[PDB]
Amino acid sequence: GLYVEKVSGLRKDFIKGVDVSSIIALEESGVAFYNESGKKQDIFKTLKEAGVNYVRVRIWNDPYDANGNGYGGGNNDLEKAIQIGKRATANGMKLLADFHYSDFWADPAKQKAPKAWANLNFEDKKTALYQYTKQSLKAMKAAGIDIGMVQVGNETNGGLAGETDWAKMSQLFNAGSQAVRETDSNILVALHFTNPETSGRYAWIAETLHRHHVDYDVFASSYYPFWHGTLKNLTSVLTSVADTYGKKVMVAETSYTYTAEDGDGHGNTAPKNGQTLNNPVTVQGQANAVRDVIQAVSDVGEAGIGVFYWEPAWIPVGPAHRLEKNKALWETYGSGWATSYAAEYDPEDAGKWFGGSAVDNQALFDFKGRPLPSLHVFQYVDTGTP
């Protein structure tokens, strides 16, 4: 049934990644994944056959309260990162370590310093950040994980580790970069930003990064069609950065809704009134969207290295009608986007929105763990559907 129009000019080594950080918590919650045939199968093996060649994983310093209760959102710490990294490498896929440098979600509004760095003077925090990055990468190498890229920060549009001054942020960027550089020259260092639709933003950030001598290789951007403007603009701002600063560029996060139904009982992020939905909310629509982001990045030219689909398997732990029975699992295994336990660290957001998955309707797997036909977009962009 599916239809993918061949992406013209797509390079043969283009990165096709997925971020399945929630996978560990979900498997402990009892969630299972299958394959085309319908037999339980490691999701990392299903991803590999689908043509995925990269795995991104978010890493929070200490996503737990004093007693050890996970903040949820996958409770993604270094330990789960190694778990994910091993499976990713055991399935022939490189890893993208995404350091949030925070104990929980880091985005344009949230860049809270880790509890341990809470009150360290700037000099010590910079050292801690370096040490942390250094130690984490080393532990990963020890596990035999094939690290291809490291993200120093996540959507650091306005801050990083409690810091909001770009002069200080840049020093933190270099601190992390420094660790990567010392770990392996071949690892690509990427900085991640979002909101490309914002007039001049990326151009300003790239210039600022340049003026403060930040050493990085990839200028990464998020791209969620329902908020981040046109694909024409995306290609345009990423090409500027590429040409003007000689950096590689890519989309570190992207997805689309394949259905308007909520599968676990926790209101989803999309689709919503006011959101731009240029593709029908269906499996084909979803495939179209992914296919077009890949095209948009590929159109940048030699600088456009790839695209990472964000959370293609954060499916429900149970049907929406079992909301209460679900809340239990989310709270126990942190398999939802956040647990009540995170209120202490982020009372403003997580504090009053904690629960389950907010993106199950954007997975490339159905609510029951079966892969949707859209999952084959990764393969088809090279040839197209016959």
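We number the residues from 1 along the sequence you see.
Student: Would 22 to 30 or 322 to 330 have the larger average of its C-alpha temperature factors, as given in the entry?
Tutor: Per the deposited B-factors, the answer is 322 to 330.
Student: Given the B-factors recorded for C-alpha atoms, which segment has the greater mean, 151 to 159 or 89 to 97?
Tutor: Looking at the record's C-alpha B-factors, the answer is 89 to 97.
Student: Of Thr254, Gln275, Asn288, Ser102, which one's C-alpha B factor is largest in the deposited record?
Tutor: The record points to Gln275.
Student: Highest CA temperature factor in the entry: which of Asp262, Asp107, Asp215, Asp299?
Tutor: In the PDB entry, the greatest C-alpha B-factor among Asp262, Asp107, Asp215, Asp299 is found at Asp262.
Student: Comparing against every modelled residue in the chain, figure out the third that the C-alpha B-factor of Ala50 lands in (lowest, middle or highest).
Tutor: Highest third, going by the recorded CA B-factors of the chain.
Student: Would you please rank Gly336 by its C-alpha temperature factor against the other modelled residues of its chain and give the third it falls in: lowest, middle or highest?
Tutor: CA B-factor rank for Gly336: lowest third.
Student: In terms of the chain's CA B-factor thirds, is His192 lowest, middle or highest?
Tutor: According to the entry, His192 has a C-alpha B-factor in the chain's lowest third.
Student: Among all modelled residues of this chain, ranked by Cα B factor, put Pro271 in the bottom, middle or top third, i.e. lowest, middle or highest.
Tutor: According to the entry, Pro271 has a C-alpha B-factor in the chain's highest third.
Student: Taking the C-alpha B-factors as the PDB entry records them, is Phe122 in the lowest, middle or highest third of its chain?
Tutor: Answer is highest: the recorded C-alpha B-factor places it there.
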